[PDB]
Amino acid sequence: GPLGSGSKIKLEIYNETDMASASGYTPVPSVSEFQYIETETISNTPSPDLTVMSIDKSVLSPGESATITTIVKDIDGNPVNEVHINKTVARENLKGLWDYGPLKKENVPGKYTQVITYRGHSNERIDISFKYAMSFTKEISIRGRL
């Protein structure tokens with residue numbers, strides 16, 4: 001019969017803390033901080049490549065005005081505090097009654113706006129060359145609707 005028995009005493013482990021509570025929570029996400037150039041802006045460099053200076057209305061009725069929207073931006077794409085903008089009138093006729101108001105310089109970042117008014121005397125086109133800072137120059141189109 002089977003006499004080759006082991007009779008070995010099973011050496012076992014006492015409390016091995018096998019079970020492990022699941023640590024599965026994270027810390028807080030990284031936040032932000034305050035901003036500069038909000039008041040004490042720096043004299044950096046602008047670049048109209050990232051600037052939106054346009055007017056989408058080549059129509060001027062006797063009584064209304066067209067406002068050209070120029071938002072100047074830096075070369076880095078930040079809000080320009082302010083630049084210089086001059087007018088330049090490209091005209092063929094003198095029959096037209098083009099009312100050129102002053103350039104409205106608002107408290108807004110890079111946003112310049114100017115209202116060009118027209119009286120219905122003639123029906124032609126007039127382009128206004130906006131001379132920015134002594135670096136870049138642009139030009140917009142005003143069209144009189146008689």
# chains A, B, ... in the order shown; residues from 1 in each chain; ligands from 1
>>> residues_around(residues="residue A:44", least_positions_apart="4", cutoff="9 Å", atoms="only C-alpha atoms", output="number ranges by chain")
A: 74-75, 80
>>> write_last_selection(atoms="N, CA and C atoms", output="PDB file, in the first residue's frame")
ATOM      1  N   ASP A  74       0.394  92.472 -32.943  1.00  0.00           N
ATOM      2  CA  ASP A  74       1.850  92.423 -32.933  1.00  0.00           C
ATOM      3  C   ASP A  74       2.362  91.302 -33.810  1.00  0.00           C
ATOM      4  N   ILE A  75       3.674  91.263 -33.964  1.00  0.00           N
ATOM      5  CA  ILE A  75       4.334  90.201 -34.707  1.00  0.00           C
ATOM      6  C   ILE A  75       4.185  88.872 -33.965  1.00  0.00           C
ATOM      7  N   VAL A  80      -2.172  95.107 -29.850  1.00  0.00           N
ATOM      8  CA  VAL A  80      -1.461  96.380 -29.882  1.00  0.00           C
ATOM      9  C   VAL A  80      -2.201  97.423 -29.065  1.00  0.00           C
TER      10      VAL A  80
END
>>> residues_around(residues="residue A:67", least_positions_apart="2", cutoff="10 Å", atoms="only C-alpha atoms", output="number ranges by chain")
A: 54-57, 64-65, 69-70, 103-104, 112-117, 142
>>> closest_residue(among="A:129, A:45, A:15, A:141", to="residue A:87", atoms="only C-alpha atoms")
A:129
>>> residues_around(residues="residue A:72", least_positions_apart="2", cutoff="10 Å", atoms="only C-alpha atoms", output="tab-separated table (two decimals) with C-alpha atoms, in the first residue's frame")
chain	number	residue	atom	x	y	z
A	46	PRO	CA	3.35	95.16	-34.53
A	47	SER	CA	2.67	93.20	-37.72
A	48	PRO	CA	-0.50	93.49	-39.82
A	49	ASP	CA	-0.07	89.93	-41.10
A	50	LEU	CA	-2.08	88.83	-38.08
A	51	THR	CA	-4.08	92.04	-38.24
A	52	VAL	CA	-7.62	92.33	-39.49
A	53	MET	CA	-7.91	95.70	-41.21
A	69	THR	CA	-12.38	98.16	-39.17
A	70	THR	CA	-8.65	97.89	-38.49
A	74	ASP	CA	1.85	92.42	-32.93
A	75	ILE	CA	4.33	90.20	-34.71
A	77	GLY	CA	-0.02	88.18	-32.24
A	78	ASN	CA	-0.76	90.20	-29.10
A	79	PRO	CA	-3.20	93.17	-28.82
A	80	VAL	CA	-1.46	96.38	-29.88
A	81	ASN	CA	-2.02	99.28	-27.53
A	82	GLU	CA	-1.96	101.92	-30.28
A	83	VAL	CA	-0.35	102.90	-33.59
A	109	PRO	CA	-6.82	96.79	-28.31
A	110	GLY	CA	-5.61	97.67	-31.79
A	111	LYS	CA	-9.14	98.53	-32.92
A	112	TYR	CA	-9.32	101.67	-35.00
A	132	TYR	CA	0.04	103.27	-40.38
>>> atom_distance(atom1="atom CA of residue A:84", atom2="atom CA of residue A:126")
21.7 Å
>>> residues_around(residues="stretch 95-99 of chain A", least_positions_apart="4", cutoff="12 Å", atoms="only C-alpha atoms", output="count of residues only")
30
>>> select_by_dssp(residues="chain A", states="strand (DSSP E)", output="MDAnalysis selection string")
chainID A and resid 52:54 65:71 89:90 97:100 104:105 111:119 125:131 137:143
>>> write_last_selection(atoms="C-alpha atoms", output="mmCIF file, in the first residue's frame")
data_model
loop_
_atom_site.group_PDB
_atom_site.id
_atom_site.type_symbol
_atom_site.label_atom_id
_atom_site.label_comp_id
_atom_site.auth_asym_id
_atom_site.auth_seq_id
_atom_site.Cartn_x
_atom_site.Cartn_y
_atom_site.Cartn_z
ATOM 1 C CA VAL A 52 -7.625 92.334 -39.493
ATOM 2 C CA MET A 53 -7.909 95.698 -41.206
ATOM 3 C CA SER A 54 -10.691 95.602 -43.738
ATOM 4 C CA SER A 65 -21.317 106.161 -43.427
ATOM 5 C CA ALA A 66 -18.862 103.311 -43.853
ATOM 6 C CA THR A 67 -16.724 102.358 -40.884
ATOM 7 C CA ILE A 68 -13.399 100.750 -41.735
ATOM 8 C CA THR A 69 -12.375 98.163 -39.174
ATOM 9 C CA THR A 70 -8.650 97.888 -38.494
ATOM 10 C CA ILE A 71 -7.430 95.693 -35.648
ATOM 11 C CA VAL A 89 -7.254 110.056 -50.605
ATOM 12 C CA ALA A 90 -7.062 108.393 -54.009
ATOM 13 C CA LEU A 97 -18.997 114.927 -51.677
ATOM 14 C CA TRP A 98 -16.867 112.705 -49.502
ATOM 15 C CA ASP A 99 -17.121 113.504 -45.812
ATOM 16 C CA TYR A 100 -13.955 112.392 -44.100
ATOM 17 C CA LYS A 104 -11.763 107.164 -34.124
ATOM 18 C CA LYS A 105 -9.218 105.873 -31.672
ATOM 19 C CA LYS A 111 -9.135 98.527 -32.916
ATOM 20 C CA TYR A 112 -9.316 101.667 -35.002
ATOM 21 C CA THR A 113 -12.510 102.736 -36.664
ATOM 22 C CA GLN A 114 -13.357 105.665 -38.884
ATOM 23 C CA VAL A 115 -16.653 106.773 -40.381
ATOM 24 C CA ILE A 116 -16.541 107.873 -44.000
ATOM 25 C CA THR A 117 -19.680 109.696 -45.034
ATOM 26 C CA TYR A 118 -20.862 110.511 -48.544
ATOM 27 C CA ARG A 119 -23.444 112.767 -50.153
ATOM 28 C CA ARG A 125 -14.923 105.044 -56.492
ATOM 29 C CA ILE A 126 -12.427 106.485 -54.022
ATOM 30 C CA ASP A 127 -9.639 104.536 -52.329
ATOM 31 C CA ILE A 128 -8.317 105.631 -48.968
ATOM 32 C CA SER A 129 -4.722 104.774 -48.314
ATOM 33 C CA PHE A 130 -4.182 104.306 -44.588
ATOM 34 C CA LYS A 131 -0.646 105.182 -43.579
ATOM 35 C CA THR A 137 0.927 101.079 -45.279
ATOM 36 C CA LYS A 138 -2.486 99.812 -46.402
ATOM 37 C CA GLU A 139 -5.435 100.995 -48.493
ATOM 38 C CA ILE A 140 -9.209 100.565 -48.396
ATOM 39 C CA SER A 141 -11.972 101.122 -50.924
ATOM 40 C CA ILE A 142 -14.913 103.483 -50.601
ATOM 41 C CA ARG A 143 -17.602 103.419 -53.271
#
>>> decode(residues="stretch 40-88 of chain A", atoms="C-alpha atoms", output="PDB file, in the first residue's frame")
ATOM      1  CA  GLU A  40       1.672  99.117 -18.588  1.00  0.00           C
ATOM      2  CA  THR A  41       1.980  97.747 -22.126  1.00  0.00           C
ATOM      3  CA  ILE A  42       5.413  97.478 -23.725  1.00  0.00           C
ATOM      4  CA  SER A  43       6.633  99.165 -26.905  1.00  0.00           C
ATOM      5  CA  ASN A  44       6.948  95.942 -28.880  1.00  0.00           C
ATOM      6  CA  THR A  45       6.658  95.436 -32.626  1.00  0.00           C
ATOM      7  CA  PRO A  46       3.346  95.162 -34.528  1.00  0.00           C
ATOM      8  CA  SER A  47       2.672  93.202 -37.720  1.00  0.00           C
ATOM      9  CA  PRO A  48      -0.496  93.491 -39.822  1.00  0.00           C
ATOM     10  CA  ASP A  49      -0.065  89.927 -41.098  1.00  0.00           C
ATOM     11  CA  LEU A  50      -2.080  88.834 -38.077  1.00  0.00           C
ATOM     12  CA  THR A  51      -4.077  92.036 -38.243  1.00  0.00           C
ATOM     13  CA  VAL A  52      -7.625  92.334 -39.493  1.00  0.00           C
ATOM     14  CA  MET A  53      -7.909  95.698 -41.206  1.00  0.00           C
ATOM     15  CA  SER A  54     -10.691  95.602 -43.738  1.00  0.00           C
ATOM     16  CA  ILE A  55     -14.051  96.965 -44.772  1.00  0.00           C
ATOM     17  CA  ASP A  56     -16.797  94.853 -46.284  1.00  0.00           C
ATOM     18  CA  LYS A  57     -19.062  97.420 -47.884  1.00  0.00           C
ATOM     19  CA  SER A  58     -18.257  99.181 -51.132  1.00  0.00           C
ATOM     20  CA  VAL A  59     -21.565 101.028 -51.012  1.00  0.00           C
ATOM     21  CA  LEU A  60     -22.224 104.512 -49.663  1.00  0.00           C
ATOM     22  CA  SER A  61     -25.648 106.015 -49.650  1.00  0.00           C
ATOM     23  CA  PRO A  62     -26.453 109.704 -49.079  1.00  0.00           C
ATOM     24  CA  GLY A  63     -26.960 109.760 -45.333  1.00  0.00           C
ATOM     25  CA  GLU A  64     -24.990 106.726 -44.178  1.00  0.00           C
ATOM     26  CA  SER A  65     -21.317 106.161 -43.427  1.00  0.00           C
ATOM     27  CA  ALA A  66     -18.862 103.311 -43.853  1.00  0.00           C
ATOM     28  CA  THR A  67     -16.724 102.358 -40.884  1.00  0.00           C
ATOM     29  CA  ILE A  68     -13.399 100.750 -41.735  1.00  0.00           C
ATOM     30  CA  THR A  69     -12.375  98.163 -39.174  1.00  0.00           C
ATOM     31  CA  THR A  70      -8.650  97.888 -38.494  1.00  0.00           C
ATOM     32  CA  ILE A  71      -7.430  95.693 -35.648  1.00  0.00           C
ATOM     33  CA  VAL A  72      -3.686  95.988 -35.333  1.00  0.00           C
ATOM     34  CA  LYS A  73      -1.782  93.042 -33.867  1.00  0.00           C
ATOM     35  CA  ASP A  74       1.850  92.423 -32.933  1.00  0.00           C
ATOM     36  CA  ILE A  75       4.334  90.201 -34.707  1.00  0.00           C
ATOM     37  CA  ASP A  76       3.728  87.784 -31.836  1.00  0.00           C
ATOM     38  CA  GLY A  77      -0.021  88.181 -32.238  1.00  0.00           C
ATOM     39  CA  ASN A  78      -0.758  90.199 -29.102  1.00  0.00           C
ATOM     40  CA  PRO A  79      -3.196  93.167 -28.817  1.00  0.00           C
ATOM     41  CA  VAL A  80      -1.461  96.380 -29.882  1.00  0.00           C
ATOM     42  CA  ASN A  81      -2.018  99.284 -27.530  1.00  0.00           C
ATOM     43  CA  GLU A  82      -1.961 101.918 -30.277  1.00  0.00           C
ATOM     44  CA  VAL A  83      -0.351 102.896 -33.587  1.00  0.00           C
ATOM     45  CA  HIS A  84      -0.431 105.878 -35.917  1.00  0.00           C
ATOM     46  CA  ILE A  85      -2.846 105.901 -38.851  1.00  0.00           C
ATOM     47  CA  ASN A  86      -3.011 108.658 -41.457  1.00  0.00           C
ATOM     48  CA  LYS A  87      -5.431 109.130 -44.324  1.00  0.00           C
ATOM     49  CA  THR A  88      -4.595 109.348 -48.005  1.00  0.00           C
TER      50      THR A  88
END
